[PDB]
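Same chain, two versions here, written out as C-alpha cells and called structure 1 and structure 2.
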Structure 1
C-alpha cells in the first residue's frame, strides 16, 4: 500500500504556526519535477533518493509562515518562530518542503496568527494552544488597558500584493 501523503499537499486550509497538527503518514514526486516549490533545503537525511529505505517515525506536519521566517526553521539559531512558535531539535533528521502562495492564502477572509509572547524558552516538538494573556513581569493580567500585559497571538495580516517575505508560504516539515 502507498504511504498517505497526498491528502494534504493537494489540499487547502492549512493552520497557523500555533495550530500545527501532526499526521502519521509516493516519495518520487517530492524531488522529481516540483519546481514550483520555493526552496528545497534539507538538513538530515539529505536530498538523496528514498528508494526502499528503512525508516521509522515518518510523522510530518505543515504550517503557514510569513516568509522571512522560513530561514528560522533550522537547528541551532535564534528567531521568533524557533523561540516561541516552532522549534526544531539540534540533531534534526528529516527534511522540509516549502512553496509560495500568491493568491492561495490571500483572500479577504483569512486568519493566521503567531505567538509573539510566551513565558520562557520553548523546547522542540510540543504544542502551545492556550490563549492566556502574556504578562511582562509574570503571572496573569486579566485585562488589556494597563501596563505589563500584551496580547500574545498577533496577526500576520495577509493581504495580496505585499512582496516576497510577507507573502504567505506553506511549508511542510518532514521528520525521520
Structure 2
C-alpha cells in the first residue's frame, strides 16, 4: 500500500551541506526516477537484489554540495566535506545518490554554505551549525579585523555558468543499520 520513500527527492529546497537533516522512515523509484542520478555508488548492499534483507529503519540525509565535492560523500574519504561538513563511517552500508541541479539550485539568489574551518575533524553523523568565528590558534577572536581569524562558513557561490564541477548537486544518502531489528518494518 504505502511505503514512505518520496517527498525527499522532490522537495522544493535542500539545506547546505553543514545543515543536513535526516528522516525517520519502495525502491523501484531509484531506477525509474524523476531525475536521472549522476552518482549511484552503493556500498555494502547492492542496488540489484536489494529488497531481500529487510531493514527496520532508514535514514535519508539530504544536502547540496559542489560538483567536485560529490566524491567526498563515501566511506573512508578525506576532504573538507568529510572532515568538517558530513562524515560517513568506515563500515557504512547503503547507497549514495546525487544529481545535477544547476537549473534549480543555482538560478535563485540564495546561498549555499560549507564549513571550511573547524577545530578538529568531525565524527560520523555529527551536525555542526555553529557560526562562531574560527581562530587559528584557538579560542574565539570575535573580530574579523585581526590576524589568524577567519569566517568558517564559506559560500559555494552558485552561478548557472560555472560548468560541471562547480555546479550544485543534490545528494541524498540512504543509510541502514543492517543489524538493528526490533521487528517494526520488514
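Residue numbers count along the first chain shown, from 1. In this text, rigid core is short for the largest set of C-alphas that superpose within 1.5 Å between two forms.
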{"item": "Rigid-core-referenced C-alpha movement of 2 Å or more between structures 1 and 2, selected from 53, 132, 116, 58", "value": "53"}
{"item": "Residue 33 C-alpha shift between structures 1 and 2 of 2 Å or more, rigid core reference", "value": "yes"}
{"item": "Angstrom shift of the Cα atom of residue 75 between structures 1 and 2 (superposition on rigid core)", "value": "1.4"}
{"item": "Rigid core fit between structures 1 and 2: Cα deviation of residue 149 in angstrom", "value": "0.5"}
